[PDB]
Every structure is written in C-alpha cells, then in structure tokens.
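Contents: one structure, followed by commentary.
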Amino acid sequence: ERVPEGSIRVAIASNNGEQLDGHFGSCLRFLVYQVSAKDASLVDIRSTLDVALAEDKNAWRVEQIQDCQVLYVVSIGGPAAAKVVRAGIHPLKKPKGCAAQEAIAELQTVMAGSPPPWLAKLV
C-alpha cells in the first residue's frame, strides 16, 4: 500500500504479541502500524528470520522497515541506530518496554499537538 496522505508507517521491534519488547538487534519481528493523528492500524508483521542469511545484518533489518518514518525499540546499538537514521527513520526508545498501543498513543499526542515540521507535513 502507498500510505494514505495524513498517515505514516510505524515499526515496532517485538518478540511477543503486540508488545514493544524487542531490542533492534535481536527482535523476532517488526510490527508495522499505519498511524494518523487520530487513528492507528496494524498493517504488517515483518519477521526477522531471514537475517540469519544476511552478511550485513543491520542493513538487512533496516531494509525490512525502509518504508517506516518512525521506529520504536526497547534498545538499539549506536551503529544500528545510525543506519536507521540514514534511512530517514526516527528511532524512539522505551527501555522498560510497553504495549505497542501505548507507544503509538504517545506518538499520536505529538502528532495531534505540536508536531515538528517534518511530521506536521506528513500529518
């Protein structure tokens, strides 16, 4: 899908259900949500299984979320984060972990309030 205007794609690093409990470098999959200031929907679940076959692992991981504008992790290495950033994705962390829904809700408070220009343009 070509995201609909007014919305963005959000990747969440995860190992269980719809939890934001994964570390970038070792997560089982990326939950991908379509999020607007007011609405959010789970659109894809991208498994990281095939990273086992990659020689350039961080590059591969980022490739799985190349269409996301934001990425949530519990944690992420410096180098990994640089690649995430180089891809134009904004990495956000939640060191203690939480429900994907809670992170998205938080992200929406920004979108709905005073989003920075980059985000405002989107939404």
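Along the sequence shown, residues carry numbers from 1.
- Summarising the geometry of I8 relative to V3, their closest heavy-atom pair is C-CG1, 4.4 Å, with the distance given to 0.1 Å.
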How far apart are the C-alpha atoms of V10 and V32, what are their side-chain angles, what is the distance that settles it, and do they pass the side chain to side chain contact (heavy atoms under 4.5 Å, CB included) test? CA-CA 5 Å; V10 179; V32 173; over 6 Å; no
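- Looking at heavy atoms from C-beta onward, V74 lies out of side-chain contact with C98 at the 4.5 angstrom threshold.
- Judged as a side-chain hydrogen bond (donor to acceptor under 3.5 Å, both in side chains), the pairs with a partner in residues 53-64 (not counting sequence neighbours) are, in order, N58-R61.
- Here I89 is tied into one hydrophobic group with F24, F30, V62, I65, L71, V73, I76, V84, each link being a pair of ILVMFWY side chains closer than 4.5 Å.
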Run the side chain to side chain contact (heavy atoms under 4.5 Å, CB included) test on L122 and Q69 for me, step by step, so that the C-alpha distance in whole Å, both residues' side-chain angles and the decisive distance to 0.1 Å come before the verdict. CA-CA 10 Å; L122 295 196; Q69 281 74 25; 4.0 Å; yes
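- One finds the CG atom of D44 at 11.5 Å from the CD atom of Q34 (value rounded to the nearest 0.5 Å).
- For the residue pair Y72/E106, the side-chain donor-acceptor check at 3.5 Å is not satisfied.
- Atom OG1 of residue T48 and atom CZ of residue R29 lie 8.0 Å apart, to the nearest 0.5 angstrom.
- Both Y33 and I45 are assigned to one and the same hydrophobic cluster, defined by single-linkage of ILVMFWY side chains at heavy-atom distances under 4.5 Å.
- Side chains of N15 and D21: a donor-acceptor N/O pair is absent below 3.5 angstrom, by distance only.
- Between the side chain of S14 and the backbone N or O of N16, at least one donor-acceptor pair lies under 3.5 Å.
- The nearest pair of heavy atoms linking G6 to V123 is O-CG2, 3.7 Å.
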Dump the intermediate steps for side chain to side chain contact (heavy atoms under 4.5 Å, CB included) on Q101 and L20, then the final yes or no. CA-CA 9 Å; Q101 2 303 307; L20 167 51; over 6 Å; no
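- The closest side-chain heavy-atom distance from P91 to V85 is below 4.5 Å.
- Note on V35 and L42: same hydrophobic cluster, where clusters join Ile, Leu, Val, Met, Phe, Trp and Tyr whose side-chain heavy atoms are under 4.5 Å apart, directly or indirectly.
- Residue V51 is not grouped with residue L28 when hydrophobic side chains (ILVMFWY) are merged at heavy-atom distances under 4.5 angstrom, including chains of intermediate members.
- The two residues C27 and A13 make their nearest non-hydrogen contact at SG-CB, 3.8 Å.
- Cluster annotation: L92 and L31 are assigned to the same hydrophobic cluster (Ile/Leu/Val/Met/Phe/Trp/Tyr, side-chain heavy-atom contacts under 4.5 Å, transitive).
- Here the CD1-CG distance, from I12 to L107, works out to 8.5 Å after rounding to the nearest 0.5 Å.
- To the nearest 0.5 Å, atom CD of residue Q66 and atom SG of residue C68 are 10.0 Å apart.
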